[PDB]
Amino acid sequence: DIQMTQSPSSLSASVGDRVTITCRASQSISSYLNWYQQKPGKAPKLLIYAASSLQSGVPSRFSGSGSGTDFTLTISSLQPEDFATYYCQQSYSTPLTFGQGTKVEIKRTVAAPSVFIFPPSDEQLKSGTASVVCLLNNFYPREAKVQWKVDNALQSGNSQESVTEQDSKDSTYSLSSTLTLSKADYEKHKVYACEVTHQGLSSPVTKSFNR
Amino acid sequence: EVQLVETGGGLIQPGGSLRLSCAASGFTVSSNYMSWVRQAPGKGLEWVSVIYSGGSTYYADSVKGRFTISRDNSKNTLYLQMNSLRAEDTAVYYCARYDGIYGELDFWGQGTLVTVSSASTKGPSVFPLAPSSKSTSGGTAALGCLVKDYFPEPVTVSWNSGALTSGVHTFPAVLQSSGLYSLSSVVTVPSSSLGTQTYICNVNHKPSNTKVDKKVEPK
């Protein structure tokens, strides 16, 4: 019933940058405003309580400011571990409400992927389905094109992608693309190719094997 | 030092009920403000419930009349009795110590996942991702485990029973067209170690009680 609006909802900044996130309450809430850092698959950690007070053992690079309706969280000098989603939360009145969050990504310089390819195991072909795995290891930025080719035939709608969360020391990503074909389709073809287009690659790179 | 340990999560049929426990260490539950907070998968934080010290209880409008917050002073434990569960209620549930003054959630439990679904529990199939020349990058090679066709979330993967932690990438799970999850766990090791060192992934999927250790070796 008090709405918290944060801006931006997404931020991309490099190590050493000053990061500034905004949170606005729909009505005055004095100093009853807290800030949390949530790395994904983990509990929010409290960073600031009462607008401007640092929590125990939270590095001094975090700091908060404001009172009333306009609040800011600042990371004075961004660090690689600081990628997370940051929430503001008012405690002036029930119900406790949270802002929608600001997802902070760490900008690093370009890094090309290493491309590896895994043929479906023998054990899996026992149960009549084939999973071919392409791996794109330790790269930045997140955006990559992964085309699967089977005996030169470009595939469509039979691959799924997954991307790891950002490495906490070097800010790179890894990505897997999995091609799913039936044992029938796998045994009736020879050349299985993963083609990768990325900003750090001068030209597309192709990894393949023969059945 | 303070802890909050959560139990009780898991798969539950729609319309069913489930209870979450939260066992505090290093502070008294009895004399503290206390809270449940939930997060639908890939969404924001949503307040569920507060119990004041002195026992006043308040509830979010979506749970009022369905959910009860309580505590057992003797066991230093907080409870959330949930009822009439729906897909909307699917979330990771967190207990947190409130402040009772500046109303801040200064300490949080690790969370537990509650999946509201009529779909059946299914254990994972575990296939090796064998290292080869197509996996080698000069003194360095990658090998892994494909963990296929399971429900519901989550699975935990380790390498050499938690002994190999360096250079592991365990990928977020994807939801297949079959309504089942799939994921891979790859690790990059030195290629010179490929014939002298043994690599086992230790897949664990608790809702189905499966525990698969799988040996990965060159081909």
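Thresholds applied
- Residues numbered from 1 in each chain as written, not as in the entry; some residues may be left out.
- Chains lettered and ligands numbered in written order.
- Heavy atoms only, no water.
- Residues with missing side-chain atoms left out of burial classes, pairs and counts.
- Helix = DSSP H or I, 4+ residues; strand = E, 2+ residues; numbered from the N terminus.
- Contact = heavy atoms within 4.5 Å.
- Domains from an automatic or database assignment.
- Buried area = accessible area lost by both parts, 1.4 Å probe.
- Salt bridge = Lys/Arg side-chain N within 4 Å of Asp/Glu carboxyl O.
- Polar contact = N/O pair within 3.5 Å; in protein donor to acceptor, adjacent residues only side chain to side chain.
- Nonpolar A, V, L, I, M, F, W, Y, C, P; charged D, E, K, R; others polar.
- Pairing = 2+ DSSP bridges.
- Axes fitted to C-alpha atoms, helices over the stretch in contact; angles between N-to-C directions.
- Disulfide = S-S within 2.5 Å.
- Buried < 20%, exposed > 50% of the residue type's maximum accessible area, 1.4 Å probe, protein only.

Method of determination, as annotated in the archive: X-ray crystallography, at 2.70 Å resolution.

The name given to chain B in the PDB entry is FAB HEAVY CHAIN, with the source organism recorded as Homo sapiens. Listed in the archive, the entry goes by the title "CRYSTAL STRUCTURE OF HUMAN GERMLINE ANTIBODY IGHV3-53/IGKV1-39".

The PDB entry annotates chain A as FAB LIGHT CHAIN originating from Homo sapiens.

(A) Region of the structure containing the overall build of chain B. The helix and strand inventory of chain B stands at zero helices and 18 strands. For chain B, the spread of C-alpha atoms along the three principal axes comes to 65 × 40 × 30 Å. In chain B, once contacts between residues fewer than 6 apart in sequence are set aside, the share between residues at least 24 apart is 58%.

(B) Fine view of the domain arrangement of chain B. Residues and elements named next belong to chain B. The assigned domain composition of chain B is domain 1 (1-118) and domain 2 (119-219). Opposite the five residues of domain 1 that make contact, domain 2 presents seven residues. For the pair domain 1 and domain 2, the summed buried area comes to about 430 Å², and 65% of that belongs to carbon and sulfur atoms. When the area that domain 1 buries against domain 2 is broken down by residue, the three leading residues are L11, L113 and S118, summing to 74%. One can count zero salt bridges joining domain 1 with domain 2. Across the contact surface, domain 1 and domain 2 share one residue pair in polar contact. Residue composition of the side of domain 1 that touches domain 2, grouped by class: two nonpolar, three polar and no charged.

(C) Quick look at the interface of chain A and chain B. Counting residues at the interface gives 42 residues for chain A, matched by 38 residues for chain B. Here the element with the most residues in the side of chain A that touches chain B is strand β13 (residues 129-139) of chain A; it accounts for five residues. Its residues assigned to classes, the side of chain A that touches chain B shows 19 nonpolar, 19 polar and four charged.

(D) Summary view of the sheet that holds strand β16 (residues 159-163) of chain A. All names here are of chain A. Here four strands make up an open sheet; going across it, the order is β12-β13-β17-β16 and the pairing antiparallel. Across the chains shown, the open sheet's two edge strands, defined by having one partner strand only, are β12 (114-118) and β16. Sheet twist, expressed as the average angle between the axes of neighbouring strands with direction ignored, equals 15°. Looking at chain direction, β13 and strand β17 (residues 173-182) are connected through nine bridges and run antiparallel.

(E) Focus on the environment of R211 of chain A. Residue and element names in this part refer to chain A. Structurally, the position occupied by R211 is in the segment after β19 (205-210). A sequence separation of 20 residues divides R211 from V191, and the C-alpha atoms of the two residues are 6.7 Å apart. The contacts of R211, once residues within four sequence positions are left out, are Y186, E187, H189, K190 and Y192. Among the polar contacts listed, one links the side chain of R211 to the backbone oxygen of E187, at a separation of 3.4 Å. A polar contact of 2.5 Å, which involves the side chain of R211, links it to the backbone oxygen of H189.

(F) Region of the structure containing unusual backbone geometry. Residue and element names in this part refer to chain A. Note the cis peptide between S7 and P8, where omega equals -5°. Locating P8 in the fold gives a position in the loop between β1 (4-7) and β2 (10-14). Between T94 and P95 the backbone carries a cis peptide bond, its omega angle lying at -5°. Position of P95 among the secondary structure elements: in the loop between β9 (84-90) and β10 (97-98). In this structure, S171 takes a positive phi of about 70° despite not being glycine.

(G) Fine view of the state of the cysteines. Here the structure, examined in full by the defined rule, presents four disulfides over all chains. Disulfide pairing is shown between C23 of chain A and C88 of chain A; the S-S distance is 2.1 Å. The sign of the S-S torsion, about 70°, decides the handedness of the disulfide formed by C23 of chain A and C88 of chain A: right-handed. Note that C23 of chain A is positioned in strand β3 (residues 19-25) and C88 of chain A in strand β9, a separation of 65 residues in sequence. For the pair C23 of chain A and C88 of chain A, a shared accessibility class is recorded, and that class is buried. What pairs with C22 of chain B in a disulfide is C95 of chain B, and their sulfur atoms sit 2.1 Å apart. Here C22 of chain B and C95 of chain B share a disulfide; its torsion about the S-S bond, 80°, makes the bridge right-handed.

(H) Region of interest: the pairing of strand β4 (residues 33-38) of chain A. All names here are of chain A. Burial of β4 is extensive: six of the six residues sit out of reach of the surface. What you see with β4 is no split at all: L33, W35 and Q37 on one side and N34, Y36 and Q38 on the other are buried throughout. Of the strand pairs in this sheet, β4 and β9 are connected by six bridges, and their pairing is antiparallel. Bridged to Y36 within β9 is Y87. Hairpin connection between β4 and strand β5 (residues 45-49): a loop of six residues separates the two successive antiparallel strands, and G41 in this loop has a positive phi of roughly 70°.

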